[PDB]
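Engineer: Following this message is one structure expressed as structure tokens.
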Amino acid sequence: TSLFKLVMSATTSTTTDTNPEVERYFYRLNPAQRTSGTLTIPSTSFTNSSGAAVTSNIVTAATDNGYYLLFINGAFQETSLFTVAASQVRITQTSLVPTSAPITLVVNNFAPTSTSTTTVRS
Amino acid sequence: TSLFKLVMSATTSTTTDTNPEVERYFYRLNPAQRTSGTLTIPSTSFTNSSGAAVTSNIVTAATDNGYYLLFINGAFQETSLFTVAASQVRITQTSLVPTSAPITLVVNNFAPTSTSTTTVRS
Amino acid sequence: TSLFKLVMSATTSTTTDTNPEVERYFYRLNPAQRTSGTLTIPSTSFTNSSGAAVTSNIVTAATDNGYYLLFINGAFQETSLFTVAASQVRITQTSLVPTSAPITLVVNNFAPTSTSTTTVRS
Amino acid sequence: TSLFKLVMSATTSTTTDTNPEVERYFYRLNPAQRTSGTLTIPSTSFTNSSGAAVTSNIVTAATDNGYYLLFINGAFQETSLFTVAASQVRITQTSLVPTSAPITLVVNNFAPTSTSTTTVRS
Amino acid sequence: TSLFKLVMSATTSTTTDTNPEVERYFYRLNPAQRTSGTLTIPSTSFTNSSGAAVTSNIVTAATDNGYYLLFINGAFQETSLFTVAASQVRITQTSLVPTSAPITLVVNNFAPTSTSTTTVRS
Amino acid sequence: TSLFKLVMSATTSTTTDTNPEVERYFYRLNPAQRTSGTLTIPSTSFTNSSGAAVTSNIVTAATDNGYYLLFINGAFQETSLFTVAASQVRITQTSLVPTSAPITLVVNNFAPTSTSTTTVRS
Amino acid sequence: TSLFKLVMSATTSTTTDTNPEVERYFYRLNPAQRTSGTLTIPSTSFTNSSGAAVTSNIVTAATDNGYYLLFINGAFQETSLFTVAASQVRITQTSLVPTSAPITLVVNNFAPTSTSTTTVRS
Amino acid sequence: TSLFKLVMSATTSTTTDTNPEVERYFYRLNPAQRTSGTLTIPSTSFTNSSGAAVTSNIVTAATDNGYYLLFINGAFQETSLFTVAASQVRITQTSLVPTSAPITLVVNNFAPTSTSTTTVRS
Amino acid sequence: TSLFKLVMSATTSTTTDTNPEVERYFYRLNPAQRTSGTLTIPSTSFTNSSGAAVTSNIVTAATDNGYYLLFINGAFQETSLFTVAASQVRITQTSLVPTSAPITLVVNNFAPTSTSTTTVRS
């Protein structure tokens with residue numbers, strides 16, 4: 001009395017890998033790029049993960065896929081304390097930080113990948 | 001001599017984004033919530049990454065999706081040294097830590113999402 | 001005039017969980033394994049996040065699925081500054097680092113899992 | 001004492017040929033002639049066994065001498081599920097059938113012929 | 001010199017109609033009457049082309065006047081794969097066929113009729 | 001005044017039986033006899049309704065007494081789509097049909113028989 | 001199992017100069033400020049180390065940093081024999097001391113200074 | 001490419017006070033403890049700064065922190081001319097010194113004190 | 001909302017010793033280096049506290065760390081009354097001083113030393 005349809009089903013298996021790659025940058029504070037409670041550091045002065053100076057730009061946080069960590073004298077900081085852009089990095093309330101200080105900025109970017117297979121039987 | 005069945009196969013493409021969100025909290029140590037080698041910090045005394053005090057509760061580690069990092073005076077600590085709860089945070093072996101010391105609690109939470117498309121041909 | 005085929009399509013729902021496992025070890029620098037600007041730490045001297053000494057080996061970075069963090073005196077270091085193997089850890093340019101200094105080695109390993117279901121209609 | 005009549009007899013041989021001719025029609029389902037659980041297909045949209053569209057009318061089942069078969073997605077159907085007329089074809093319970101689906105309507109018409117020869121001897 | 005006979009002749013016209021009637025039955029496969037690679041279907045569970053369940057028996061093939069067609073998942077089968085009787089239907093090699101699958105059993109029965117007239121000339 | 005002739009009449013009874021003969025053959029599509037949009041299948045590869053491979057030739061359609069049905073993946077097909085010969089079977093526009101697919105070719109052959117009796121009255 | 005703290009140490013170098021200044025005063029005894037075995041000398045009658053009369057006051061012993069020496073006729077005396085005030089000096093047992101005799105009061109004051117430097121390494 | 005350390009510096013303020021203390025002892029020479037050009041004075045016969053006789057012992061020169069002055073008849077003397085011990089004082093070359101002459105022995109002892117404060121900033 | 005810094009402090013202990021050195025020199029006045037109210041004494045004629053004549057030079061007052069005392073016939077003198085140099089000593093206003101008189105010149109030189117230790121905790 002009712003329409004008849006073919007019945008089948010399938011099975012899918014999915015494997016996922018995060019493939020993290022982490023960018024590390026370093027800077028030593030000289031009282032050169034220093035102003036009235038503001039510290040704008042040029043993007044050209046950072047040393048990359050190979051111990052060599054970065055050439056053109058710093059790798060920003062992946063869109064909706066990453067986060068930032070900042071280290072000043074071994075004390076962890078807030079997101080609000082600093083802004084990160086492609087061509088420059090600037091931090092405010094830097095009046096009291098001393099000369100030659102170590103500044104470490106951590107960029108965690110994740111680029112997950114996944115492949116799948118599907119088996120259908122009749 | 002054998003049953004005859006229809007043969008069809010499919011193809012699946014999957015995209016996965018980690019979609020991390022990282023919660024940061026801060027505390028300056030006063031010798032107020034201090035006892036015989038134990039430091040119980042009320043959840044109300046923490047300040048978020050926006051520089052604002054937390055109101056109701058701290059975001060715990062996501063169930064089977066996250067991890068904790070603890071910073072005291074810039075020295076990394078063990079998971080055993082501290083326990084994190086919704087309404088309070090307490091740490092042992094805090095006899096020697098000085099006044100106004102910075103303590104940073106890092107909570108990483110991951111909320112992956114994925115969508116897929118399947119094409120079946122006959 | 002053309003071949004006639006059966007039209008069918010499917011729908012797939014996929015859930016993914018990162019499943020992080022973060023490994024932490026600890027060591028106090030004694031002037032024992034110290035040489036001409038090189039510090040080779042035996043893998044037997046580290047203590048895990050449980051406060052217990054490690055027995056056989058350090059859990060290395062997951063293949064294409066993890067990253068390393070190294071802490072010396074609260075100053076974040078570079079991946080070039082050190083090499084990590086299963087049975088040992090060694091670091092160079094360690095002439096000036098003082099005795100009993102805290103050193104922390106952080107291992108982030110991610111082992112994602114995912115399961116899926118496919119619905120096929122006729 | 002009884003009426004005398006002539007005695008005769010005959011012999012007949014008959015050959016019969018079925019002369020089948022089978023009409024085949026095809027349609028791909030678009031959600032155009034679709035309504036509240038009913039699918040009325042115009043007779044103009046079918047394609048003949050030559051791969052060409054039919055012009056004026058579909059050949060109905062020969063009176064008293066034929067039968068119908070209906071295919072939807074390869075699943076055979078009932079005579080009750082559909083009605084066939086000269087100017088149109090309509091089917092009920094078609095809510096779930098997908099787009100571009102193949103529908104095949106099979107018309108079997110038989111036009112038997114027979115010729116005979118009779119031999120009479122005296 | 002020879003015996004003299006009466007010369008007469010006849011003419012016969014014959015009309016033949018096949019009078020087809022086609023029986024259709026339907027069944028949805030439940031894993032109830034399922035065994036070690038054998039599927040014996042009770043004759044009580046079939047539904048006719050009227051959408052009504054059959055009551056007493058299945059109309060078998062007409063003696064020397066008909067044939068069978070069997071449909072499983074839209075794949076046509078051999079006469080060897082199944083046997084059809086009045087009170088039951090059983091099929092072998094049914095280990096892999098899924099649940100709720102459609103099974104269509106087609107019975108073609110032909111009951112030809114013919115009437116004739118004869119005209120005799122004297 | 002007119003010639004007088006003997007008056008006689010006859011009666012004929014005829015019985016007809018269709019005697020259907022349905023031949024079934026089967027084939028699994030391997031990408032062996034496959035070309036630029038053409039699929040010529042050797043007549044030696046077919047298996048009959050008895051589950052046995054055919055030996056010499058395929059029983060063609062009875063001259064002026066039969067018809068063909070072709071099944072590919074459960075979708076009924078066009079007469080123009082394929083040509084059937086004694087020793088060869090070929091189909092065009094088979095670029096997209098998948099491997100190991102079920103192909104079913106149906107041959108309906110009818111060989112009617114009829115016998116009659118005639119009674120003549122004097 | 002224990003709290004981890006940063007190890008640091010320092011080194012301090014200190015240079016100290018006594019920076020002495022010595023006040024000398026002179027007086028010649030006349031039988032004017034003379035009484036019954038008591039000699040109260042006005043502070044205005046003394047002559048400084050420059051050979052000039054003092055104007056307003058004599059510099060007393062520095063608080064907890066100095067001492068006194070008194071000379072009468074070249075014979076050293078006791079601290080008990082005399083008292084020294086800002087506006088006057090008086091000595092007892094002065095019945096027998098002759099006219100025009102020399103009296104010398106020696107006031108030693110020390111005002112040490114010290115400056116230091118501290119070097120801290122990490 | 002090089003080890004990264006924490007930069008810190010300090011400041012120290014030091015205050016020093018000499019805090020002198022001077023001991024004075026007198027003696028009148030009687031021709032009693034007199035010999036062949038040698039004068040050995042018992043330590044019991046001296047009178048203190050208060051005009052009171054000493055009881056047990058004279059305070060010797062502070063170790064590496066003091067000096068001696070000796071007065072005989074108002075003429076200053078050499079260090080070689082006399083030796084000062086805990087329980088006695090003896091002087092050579094005293095044949096000619098007259099009776100009842102005054103002898104003054106001056107002991108300067110310095111006990112400096114210093115306290116300091118250190119300020120360290122990060 | 002504010003920059004976070006590491007809090008540490010130190011503690012310093014300082015010990016200071018005056019380290020006095022007292023130089024004494026002696027002279028007997030002969031009417032040889034005597035002139036119109038002036039007495040210039042060659043530095044070659046003095047005898048030290050060891051009873052030995054000086055060889056090359058007089059130890060002058062330490063720069064900003066010492067003072068002088070001068071004795072003539074047991075009467076203490078003025079700073080203005082005399083001047084002291086390395087190789088020469090001269091005094092004015094000496095017409096009346098008699099022959100063979102004793103002259104005593106006292107040099108007080110202080111060479112303080114101080115060593116310190118700093119303890120820094122974190």
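Scheme for the structure tokens: letters A, B, ... for chains in order shown; per-chain residue numbers from 1; ligand numbers from 1 in order shown.
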Could you make a table, as JSON lines, of the residues of chain C that have an atom within 9 Å of an atom of chain F, each with its nearest atom pair and distance in Å to one decimal, counting only C-alpha atoms, in chain and number order?
Structural biologist:
```
{"residue": "C:1", "atom": "CA", "partner": "F:81", "partner_atom": "CA", "distance": 6.8}
{"residue": "C:2", "atom": "CA", "partner": "F:93", "partner_atom": "CA", "distance": 6.9}
{"residue": "C:3", "atom": "CA", "partner": "F:93", "partner_atom": "CA", "distance": 6.4}
{"residue": "C:4", "atom": "CA", "partner": "F:75", "partner_atom": "CA", "distance": 6.2}
{"residue": "C:5", "atom": "CA", "partner": "F:75", "partner_atom": "CA", "distance": 6.1}
{"residue": "C:6", "atom": "CA", "partner": "F:75", "partner_atom": "CA", "distance": 6.7}
```
Engineer: Quick one: residues within 9 Å of segment 58-62 of chain C, only C-alpha atoms counted, chain neighbours fewer than 5 positions away excluded, as a PyMOL selection string?
Structural biologist: chain C and resi 23+25+43-44+46+67-68+84-88+107-111
Engineer: Mind dumping the selected residues with C-alpha atoms as a short mmCIF file (atom, residue, chain, number, x, y, z; two decimals), in the first residue's frame?
Structural biologist:
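See again-v5.cif below for the written result:
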```cif
data_model
loop_
_atom_site.label_atom_id
_atom_site.label_comp_id
_atom_site.auth_asym_id
_atom_site.auth_seq_id
_atom_site.Cartn_x
_atom_site.Cartn_y
_atom_site.Cartn_z
CA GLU C 23 54.17 15.41 29.98
CA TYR C 25 59.70 16.62 33.88
CA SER C 43 67.32 10.66 31.41
CA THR C 44 67.31 8.85 34.77
CA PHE C 46 64.13 13.63 35.84
CA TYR C 67 55.94 20.33 20.26
CA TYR C 68 58.44 21.10 23.02
CA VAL C 84 65.89 15.99 23.14
CA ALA C 85 66.24 12.24 22.68
CA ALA C 86 64.68 9.20 24.34
CA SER C 87 67.58 8.25 26.61
CA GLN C 88 69.12 11.68 27.24
CA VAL C 107 56.09 17.92 26.21
CA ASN C 108 52.72 18.49 24.55
CA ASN C 109 51.39 15.37 22.85
CA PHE C 110 48.02 15.32 21.10
CA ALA C 111 46.30 12.06 20.10
#
```
Engineer: Report, in Å with one decimal, the straight-line distance from atom CA of residue 114 of chain I to atom CA of residue 11 of chain G.
Structural biologist: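 Distance reported for this atom pair: 13.4 Å.
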Engineer: Quick one: residues within 8 Å of residue 64 of chain H, only C-alpha atoms, excluding same-chain residues fewer than 2 positions away - as a PyMOL selection string?
Structural biologist: (chain H and resi 62+66) or (chain I and resi 19-20)
Engineer: So which residues of chain C fall under strand (DSSP E or B) by DSSP, listed as an MDAnalysis selection string?
Structural biologist: chainID C and resid 9:17 20:28 34:35 38:42 47:48 53 66:72 75:76 82:84 88:92 102:110 113:121
Engineer: Any chance you could export the current selection's C-alpha atoms as a PDB file, in the first residue's frame?
Structural biologist:
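The resulting again.pdb:
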```pdb
ATOM      1  CA  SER C   9      23.040  10.520  -1.497  1.00  0.00           C
ATOM      2  CA  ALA C  10      24.267  10.355   2.081  1.00  0.00           C
ATOM      3  CA  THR C  11      24.894  12.450   5.186  1.00  0.00           C
ATOM      4  CA  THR C  12      27.803  12.221   7.621  1.00  0.00           C
ATOM      5  CA  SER C  13      28.223  13.542  11.167  1.00  0.00           C
ATOM      6  CA  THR C  14      31.709  13.601  12.691  1.00  0.00           C
ATOM      7  CA  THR C  15      32.807  14.315  16.265  1.00  0.00           C
ATOM      8  CA  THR C  16      36.455  14.932  17.148  1.00  0.00           C
ATOM      9  CA  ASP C  17      38.236  15.167  20.507  1.00  0.00           C
ATOM     10  CA  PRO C  20      45.770  16.000  25.063  1.00  0.00           C
ATOM     11  CA  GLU C  21      48.421  14.368  27.205  1.00  0.00           C
ATOM     12  CA  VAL C  22      50.954  16.845  28.569  1.00  0.00           C
ATOM     13  CA  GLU C  23      54.173  15.411  29.975  1.00  0.00           C
ATOM     14  CA  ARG C  24      56.270  17.387  32.449  1.00  0.00           C
ATOM     15  CA  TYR C  25      59.696  16.621  33.876  1.00  0.00           C
ATOM     16  CA  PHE C  26      61.948  18.445  36.310  1.00  0.00           C
ATOM     17  CA  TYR C  27      65.611  18.667  37.252  1.00  0.00           C
ATOM     18  CA  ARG C  28      67.949  20.624  39.521  1.00  0.00           C
ATOM     19  CA  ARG C  34      78.873  19.889  33.314  1.00  0.00           C
ATOM     20  CA  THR C  35      81.557  20.328  30.672  1.00  0.00           C
ATOM     21  CA  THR C  38      77.679  21.625  27.306  1.00  0.00           C
ATOM     22  CA  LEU C  39      75.143  20.048  29.678  1.00  0.00           C
ATOM     23  CA  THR C  40      74.155  16.427  29.023  1.00  0.00           C
ATOM     24  CA  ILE C  41      71.450  15.430  31.505  1.00  0.00           C
ATOM     25  CA  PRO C  42      70.880  11.697  32.082  1.00  0.00           C
ATOM     26  CA  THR C  47      61.035  13.666  38.056  1.00  0.00           C
ATOM     27  CA  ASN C  48      57.573  13.569  36.524  1.00  0.00           C
ATOM     28  CA  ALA C  53      61.488   9.952  39.392  1.00  0.00           C
ATOM     29  CA  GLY C  66      53.477  17.669  19.179  1.00  0.00           C
ATOM     30  CA  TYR C  67      55.937  20.329  20.265  1.00  0.00           C
ATOM     31  CA  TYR C  68      58.439  21.096  23.016  1.00  0.00           C
ATOM     32  CA  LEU C  69      58.846  23.871  25.571  1.00  0.00           C
ATOM     33  CA  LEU C  70      62.026  24.363  27.599  1.00  0.00           C
ATOM     34  CA  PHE C  71      62.325  26.497  30.737  1.00  0.00           C
ATOM     35  CA  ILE C  72      65.615  27.607  32.296  1.00  0.00           C
ATOM     36  CA  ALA C  75      63.499  32.380  30.808  1.00  0.00           C
ATOM     37  CA  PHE C  76      61.983  30.630  27.815  1.00  0.00           C
ATOM     38  CA  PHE C  82      68.838  22.005  22.982  1.00  0.00           C
ATOM     39  CA  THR C  83      68.182  18.562  21.545  1.00  0.00           C
ATOM     40  CA  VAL C  84      65.886  15.988  23.141  1.00  0.00           C
ATOM     41  CA  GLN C  88      69.115  11.684  27.243  1.00  0.00           C
ATOM     42  CA  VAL C  89      68.749  15.462  27.104  1.00  0.00           C
ATOM     43  CA  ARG C  90      71.645  17.773  26.267  1.00  0.00           C
ATOM     44  CA  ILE C  91      71.952  21.571  26.112  1.00  0.00           C
ATOM     45  CA  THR C  92      74.797  23.825  24.977  1.00  0.00           C
ATOM     46  CA  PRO C 102      65.404  24.910  38.098  1.00  0.00           C
ATOM     47  CA  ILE C 103      65.000  23.560  34.579  1.00  0.00           C
ATOM     48  CA  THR C 104      61.653  22.421  33.180  1.00  0.00           C
ATOM     49  CA  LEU C 105      61.003  20.460  29.990  1.00  0.00           C
ATOM     50  CA  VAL C 106      57.427  20.478  28.685  1.00  0.00           C
ATOM     51  CA  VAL C 107      56.089  17.919  26.206  1.00  0.00           C
ATOM     52  CA  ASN C 108      52.722  18.492  24.547  1.00  0.00           C
ATOM     53  CA  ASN C 109      51.390  15.369  22.846  1.00  0.00           C
ATOM     54  CA  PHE C 110      48.015  15.315  21.103  1.00  0.00           C
ATOM     55  CA  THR C 113      40.151  10.626  18.099  1.00  0.00           C
ATOM     56  CA  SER C 114      37.065  10.797  15.919  1.00  0.00           C
ATOM     57  CA  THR C 115      33.995   8.682  15.200  1.00  0.00           C
ATOM     58  CA  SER C 116      31.380   9.211  12.509  1.00  0.00           C
ATOM     59  CA  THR C 117      27.992   7.993  11.314  1.00  0.00           C
ATOM     60  CA  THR C 118      26.616   7.952   7.776  1.00  0.00           C
ATOM     61  CA  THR C 119      22.944   7.955   6.785  1.00  0.00           C
ATOM     62  CA  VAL C 120      22.024   6.910   3.241  1.00  0.00           C
ATOM     63  CA  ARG C 121      18.527   7.361   1.827  1.00  0.00           C
TER      64      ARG C 121
END
```
Engineer: Kindly give the distance, in Å, that separates atom CA of residue 99 of chain F and atom CA of residue 31 of chain F, rounded to a single decimal.
Structural biologist: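 Between these atoms lies a distance of 6.4 Å.
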Engineer: So the first atom is atom CA of residue 37 of chain G and the second is atom CA of residue 101 of chain G; what is the distance between them in Å, to one decimal place?
Structural biologist: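 Atom CA of residue 101 of chain G lies 15.8 Å from atom CA of residue 37 of chain G.
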